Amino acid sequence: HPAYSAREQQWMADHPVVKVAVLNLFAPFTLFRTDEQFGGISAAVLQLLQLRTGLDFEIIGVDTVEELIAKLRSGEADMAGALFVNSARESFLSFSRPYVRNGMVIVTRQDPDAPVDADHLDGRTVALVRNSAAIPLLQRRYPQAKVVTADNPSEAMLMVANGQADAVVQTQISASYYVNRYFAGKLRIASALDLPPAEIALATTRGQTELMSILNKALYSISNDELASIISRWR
């Protein structure tokens, strides 16, 4: 399907194996634990991409987004397999077309004093992952919510479970994933947030004309039915 240009063809002939950095514990998008194979929504999407491009992908798992960006910037990785589209990073990263678009929700404890929904956050403590793209959007929409940060989505979920926050912001997809698998009976999805949907995309540095155009064409040739099939497995 995808119509690659001559320069793109050249790029792919010089890069038959492309180095894809992925966050080890960005469930259910990328999951690359000690010592398991690479899995998650984005693992399946990359395989479909492999068919569309003929490229082999070498997967580089890292714990932190600082690491993943450092490896893009140094050229050790060619692309990232899953990141949130984030305008604050657009001066140094490019994002592909999104392959997941998903509303965000708050997760609370199942206790009588928990916020009932996103309109009941006044003076409440809302946890978000440090440097999350949702932080300024949440601060503008819900200026009375008290924002605390956590290192990563696990720590953020645990702040609610252990009582250091009243609510945590996650995509609906990751919230259902973490709640059902780890906190069933302790946490719950309270409601949607009145914020633009989060989006998951591939990323490269801004220099990368040919590879990003290859990723976009290849993504374009994946139907929404294919994507929905993959994503629905992680509910």
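Each residue number is its position in the shown sequence, starting from 1.
Comparing 50-58 with 27-35, the stretch with the higher mean C-alpha B-factor in the PDB entry is 27-35. Taking only CA atoms, the mean B-factor in the PDB entry is higher for 132-140 than for the other of 132-140 and 69-77. In the PDB entry, the Cα temperature factor peaks, among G103, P98, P153, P112, at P112.
Note on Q172, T64, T209, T205: the highest value goes to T209, judged by CA B factor as recorded. For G185, the recorded CA temperature factor ranks within the highest third of the chain's modelled residues.
Among all modelled residues in its chain, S176 ranks in the highest third by Cα B-factor.
Sorting the modelled residues of the chain by their CA temperature factor places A3 in the highest third. Annotation for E199: CA B-factor lies in the lowest third of the chain's modelled residues.
Among the modelled residues of the chain, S213 sits in the lowest third by CA temperature factor in this PDB entry.
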